[PDB]
């Protein structure tokens, strides 16, 4: 009846529940646009699979199901935890890439949660609730998967040679899988330490974004989480320092930048708080990030990695940053984007 339905999910991984909702969508529309959220990020335990991997998984399960792939299109969405309007527009762009001169368009979202959000943000499309009487727990799936087990009742395919089932079987023979398991164990041990604390803690960290001649200073991580990923230099706030002091302390600690306090104090543009509750796999971590801008500087200050940085580099803006946009810790690509727009550049 509608020309286009719009379906949004993370699909980490795709499972029977996602499938049911796509079946409902197609009983109500001729074509379903599948938008995959949280694309263009490096693998982490919550988001182990890339856009292309998830897209391939979905296609293989829809064929198992077997839904005609001409009735299905798949598009990526980046994370915009702090810029909802960019996400809203990015979704629109995905749809109108496929929608034609006054196609009817409906979002086949969720009668329970998030419905309110889509209704308000997309008044111009209709809404179809589906929800959602079977509890397909994405976290529970991954936890067993990190323990070597693929939960069959989630899998569209019952044959390990096919579908997402097949993808996951092969994926367990990879180095990335081994890295995910290592990160996961790190996270389990970390959380265990905090079990008999009277309250769940909100952790506080700091980062420094240092721009010198359109080059960003980035460290390559030694430790979990985000082992081997690139990140802004930063770390935990200690109990006896101000945030402003911490930002500078961690910067020197990890990069040994050849600049003085006063030079950085002159260069400081702003601090911003990043508080999206799921930004970090460790627990609830809030980051305060200072922007420091140096223009027409005589050269790039000397730097060398130490403490929890195993490498450190100046990285020119434009192509070299965009290039590692999916090799960055947590939400740092978003943080860099926002500070350069709001306080930069």
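Positions refer to the first chain, counted from 1.
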Assert higher mean C-alpha B factor (318-326 or 332-340, deposited values) equals 318-326
Which wins on mean Cα temperature factor, 80-88 or 104-112?
104-112
From 181, 231, 270, 193, which pick has the Cα B-factor that tops the rest in the entry?
193
Maximum C-alpha temperature factor per the entry, among 288, 55, 310, 284, belongs to which one?
310
Third of chain Cα B-factors occupied by residue 148:
middle
Entry-reported C-alpha B-factor of residue 41 relative to its chain, by third, is middle
What third of its chain's C-alpha B-factors does residue 27 belong to: lowest, middle or highest?
highest
Ordered by C-alpha B-factor within the chain, which third holds residue 301? Give me lowest, middle or highest, please.
middle
By its CA B factor, does residue 223 count among the lowest, middle or highest third of the modelled residues in the chain?
highest
